[PDB]
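Right, one structure below, let's go through it.
Labels A, B, C and D are assigned to the chains in the order they are written; within every chain, residues are numbered from 1.
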Amino acid sequence: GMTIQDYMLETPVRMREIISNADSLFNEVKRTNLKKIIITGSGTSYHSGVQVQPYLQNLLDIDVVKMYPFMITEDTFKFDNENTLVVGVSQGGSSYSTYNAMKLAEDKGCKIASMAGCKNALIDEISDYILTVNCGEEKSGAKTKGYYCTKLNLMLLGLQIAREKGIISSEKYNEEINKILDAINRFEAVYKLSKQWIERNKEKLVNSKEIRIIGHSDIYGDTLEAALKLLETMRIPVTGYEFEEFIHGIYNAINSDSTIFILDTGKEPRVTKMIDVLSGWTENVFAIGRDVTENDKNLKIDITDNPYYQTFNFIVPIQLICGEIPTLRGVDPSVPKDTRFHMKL
Amino acid sequence: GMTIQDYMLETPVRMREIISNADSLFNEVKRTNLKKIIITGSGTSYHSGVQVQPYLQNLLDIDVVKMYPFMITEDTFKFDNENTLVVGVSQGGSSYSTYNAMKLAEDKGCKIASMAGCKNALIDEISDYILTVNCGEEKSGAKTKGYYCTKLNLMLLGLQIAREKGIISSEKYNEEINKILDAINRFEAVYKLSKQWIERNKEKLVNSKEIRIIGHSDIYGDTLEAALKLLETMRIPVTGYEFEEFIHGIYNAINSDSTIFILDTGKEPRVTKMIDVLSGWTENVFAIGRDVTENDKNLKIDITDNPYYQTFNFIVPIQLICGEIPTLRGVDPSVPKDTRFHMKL
Amino acid sequence: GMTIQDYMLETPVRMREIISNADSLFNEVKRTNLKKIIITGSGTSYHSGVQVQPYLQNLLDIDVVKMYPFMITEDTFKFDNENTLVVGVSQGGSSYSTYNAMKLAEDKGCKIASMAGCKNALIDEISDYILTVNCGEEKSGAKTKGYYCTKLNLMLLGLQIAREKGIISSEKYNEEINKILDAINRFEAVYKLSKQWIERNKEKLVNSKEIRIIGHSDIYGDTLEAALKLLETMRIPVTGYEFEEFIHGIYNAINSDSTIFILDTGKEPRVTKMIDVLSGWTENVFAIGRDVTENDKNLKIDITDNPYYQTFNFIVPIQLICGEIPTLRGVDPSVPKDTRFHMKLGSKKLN
Amino acid sequence: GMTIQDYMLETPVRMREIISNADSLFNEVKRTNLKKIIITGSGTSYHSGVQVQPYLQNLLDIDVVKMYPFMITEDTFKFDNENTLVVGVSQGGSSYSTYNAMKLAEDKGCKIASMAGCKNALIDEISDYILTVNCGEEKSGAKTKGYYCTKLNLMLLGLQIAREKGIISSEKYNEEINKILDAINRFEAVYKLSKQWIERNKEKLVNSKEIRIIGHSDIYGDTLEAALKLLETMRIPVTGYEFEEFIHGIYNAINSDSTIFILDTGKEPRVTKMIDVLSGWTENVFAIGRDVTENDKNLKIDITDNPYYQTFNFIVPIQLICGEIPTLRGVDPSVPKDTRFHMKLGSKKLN
């Protein structure tokens, strides 16, 4: 069967085709009168909204919010709703959580868009703008390709609107696309170095008992996604945290059996002190970034320095762990623990 | 020294005095011209905003949002900011994360309020409205009292504004205060039943290896807080989840060593099926609520049925676990792992 | 069968209830016109007045004085006493001494208030304001809970008057309630440390022959109360003294069989020298406080710096001694020596 | 020293590169005026045309035909051929047969395009459009990568023309690229399952005496290519047949020493009966497809239902046999029998 690795390796070409299809895909939605955007989805789809919302709030002149579908209630839609676009994100396209939140928004007068990873998605039937993430089929439970492609599609929605409404010129739009292409171009080199790093640290990774990931606020969504994917495939406790929030009590639970991944974006001068203190408690601290100290446990990757587009390179190493290490712990990472779990609920 | 239990047991009288002081405390802030409220704080303070924001969005006619301090950037303050009230929440009153977010809001023209648990808090120096949570000193790392008192203070801010602006009449304000008092009045009975339940399940609780808490969206903030406090005191992996989000992949990591607390608010008809499926994988599933099946592992507590004010009773059992069980696992739950951790960072 | 320890442990719950009921209980009395307050009662009731009078004198704008009932006479009321409130304090509510003093006060035109620990108290009969101390029943001859709840009740009276009359703002009232709550919340922690200290010093305490307690003026009433409760339960000579007064001759009677408890509030720089001099005469010196030296005999407890609210914690250790040590000396400390002593003497004439 | 397997495994990366470079590569040719397309080449190049011609005929509005170079003559161009594009296909880029056919076409006024697997190909010399198949060098006599990348290149030509001329929308172009990408992404998974199937059937495969492949018409070009590559590497008789044509007399030559590979696309309801009849004559029947019966001899691979894009997966197993089994039969399958065969015969006259 197709593997997580297969899907990661085709991600660059899918992203380039998505960029090429953007003028056609967003030609209608860019022309709407918008005063607010709400991005909503469950699990990995929620993470794409968490990750890209800061970029969009920086780019656009309207409020851009992300919300779990459970947070969407009638109280979310008290004000003007005619100029609110609700973007429902679901790669499989049939999550009832997301469908239900979109249906409530529709009943309240909102404009509705869908971002599913297939044509004829369930969520498309209640959508005004079918903004398909054209990443192709991904028949693995641990989606990787789809995550990257969905974040990209959300950014292109922003750029397309920004250019149409005059926020950015045609040239600035092109400059940003070029920066995105620069990030995509680094994917395979990051993948290769990650594979080598995983091999060097194979024994400790295979013995992982519980994992925590510490990231910068600029990659908070990716930090949550890395955690969820490790949880689903390693099948042990895994949680993602922003650096400052980790300082607020999480250190209390660290012991010699703890594994910690530090996603170092270079914006936090206390990272070295954190690595030291944690290394005093566990031997399983691994740092990932452009300027980490080179030693066996660390992965030095030349990630684009743009704080937004680094999202297209940073968690590749963690996603490769999900594809490689579970197979050494008696698990096929693309098949869930219980295929009938959803049917049972 | 003072214990978590000591602080929980005085929570009712502190809440009643807070209610009594509200007309005086909120007399100035209720008179401001407000178009938006942002509640921000770290860790437990963030959880009070997560928990109460739905109540406030239901009550008021303006947008009410909660945000981690790391999410607050210059892009948060693009629009009109003169009518935006930023409420910085910090029980100790000196968290730099929260102070920094408030300072950025102040520099951008926002109205600033503080909700600290002491007079002369660091955050009060940059505040226009010092809205002290008058809960008294709490010299434990695992705050309980302060959490309840802060959520209460946030609700009273809402009621005080609502009444002044004509959203609710004087009588409706009184009706809501009465409902809050009804919730406070149930605290000791919930505490007593919780203590008995903990004693009955002592062996399994003491042997906890990793815990997950599953809650309803109406108690999502409390679900996160229960998780953080167990983490800090039990010193093992602990994560809180909303029910629907748990269905999106978290079940994959459940095994025979997993402990699961289900906070059953009675609004989810699939809870019984969830308990069954999980019970098939682990013997450590404990359900808490008004109508749970009575058996040794479950705690049936007559929580107020109001979906907002249930916040004053629901997690008492979990907070009592934090006070009692760590002492059987070689830990003083009021003292952190490393008293010098913050000084080291 | 409730013990002294049971009643001590109940005290924080009752105190919090009293605080929550204060707006109701004091709603009428706070509205009266007052130019003087006299607090009067016998024994432990007297001590509650001794202890809280300073707080009240500091808080209010009218003279607040405390007096033994035998001191109350027609000469106490020579000029206009229409604005004088006599607060009679009696936990059982039927002390004739106290009843008689109140009765004379009202004859001279004073307003009368009662603070009994039961409903339908004899003293309520002649009272304009029934300011019941709602601490519940206390079937112990050695009252503890009732002492704390009566001191609290007196403080609340002050606070309620102060707010009504404008001496303090509503927020200042709230702040003071919260400080009192901060003292009440330390009670259990102090009790636990007290129990460990007693166990560590068990032998010397069981062997007690005669005791003296030396306190700071801020806790003079509590010093007198601690001494009376030890006397009643240990059944040996026990006397309490303020620090300065002890210097005025009491040292002459100290010998190697003397036991001394020093309640060190941290405001007296001569305490170290006092301890050193006395420790040269007796091995039975026990210091209690926030910053006491490391010695098995000393009890380090972290009590508020507030000179008034420390009253809710300081003597907990001594009351615990009253509950625990007499049981090792052939006494049930909750039962007096002679249950018919008052009957044998007879009562004084009820006016 | 790159093997057939190395070149097969490189194929998805090269195909994705070609797809991303399509807008650049086909930008000029898509703009020409075309009324007919003739695709011509020898051997594997011929097969690429046989395989993709149906797709192209379905996609475009002009006749698309494929022809062996020997079939191209002056009679091929009797009327106005200004709008006829001859696409010469040659991976090495120097087949005289192909070069000569292109040369005559242009003499009659046709537009000329080349599809060589190297830069500066002999055939590029007379080409108006150098539509290089950018698959990289393939130093194997048994080409695999180049076959897949040439078929893709031909499909892209079609898609690029179709979009430019308005037959398909921009989104429809994008959708078709994504379907092709969906086939390309299954290549590795199919390779892995193929390798296991070969290992399981190793003995029968090593003992192969003569082989016939039976395919559906949708994969007729791939059936012919599979047969030629087995012939070149296994060095025994090998012939490929469409299903219906096999029924027209080929069954007469089947005996117990015959090996038969059935490429089952799921569109032929008689396949089960075919397998049953043939399995009665030989134990060497191997069926390959999405819904094949459970037998060690069968290879179940989940290939798209799309009759055109399945071409990127179906013959992977057969090419893998070409790389692996000849090594167990004394042959390096990447080196021909006689490296100087073409030299010994000589070339035909280059026009």
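Assume contacts are C-beta pairs under 8 Å (C-beta built on N, C-alpha and C of every residue); 3 or more make two chains touch, one makes a residue touch a chain.
By chain, UniProt protein names: A, B, C, D = Phosphosugar isomerase.
> Cut subunit B out of the contact graph: what components remain?
A, D | C
> Where the centres are mean C-alpha positions, what is the separation of subunit C from subunit D, in Å?
Here the centre of subunit D sits 104 Å away from the centre of subunit C.
> From the C-alpha centre of subunit A to that of subunit C, how far is it in Å?
Measuring from centre to centre gives 66 Å for this pair.
> Just how far, in Å, is the C-alpha centre of subunit C from the one of subunit B?
40
> Do you know which subunit D residues sit against two or more other chains?
none
> Pick one for the touching-chains graph, please: line, ring, star, complete, other.
line
> Throw together a list of every chain pair that touches.
Chain-chain contacts present: A-B, A-D, B-C.
> Which of the residues in subunit D end up touching subunit A in this complex?
Its residues touching subunit A are 12, 16, 19-20, 23, 169-171, 174-175, 177-178, 181-182, 184-186, 188-189, 302.
> Which positions of subunit B touch subunit C when the two form their complex?
Residues 1-3, 6-7, 10, 12-14, 16-17, 20-21, 23-25, 119, 134, 136-137.
> Using the touch rule from the top, collect the residues of subunit B that touch subunit A in their complex.
Contact set of subunit B toward subunit A: 42-43, 46, 54, 57-58, 61, 63, 65, 68-71, 73, 75-76, 78-79, 95, 97, 141, 210, 217, 220, 228, 231-239, 242, 244-245, 247-255, 270, 273-274, 277, 336-338, 341-342, 344-345.
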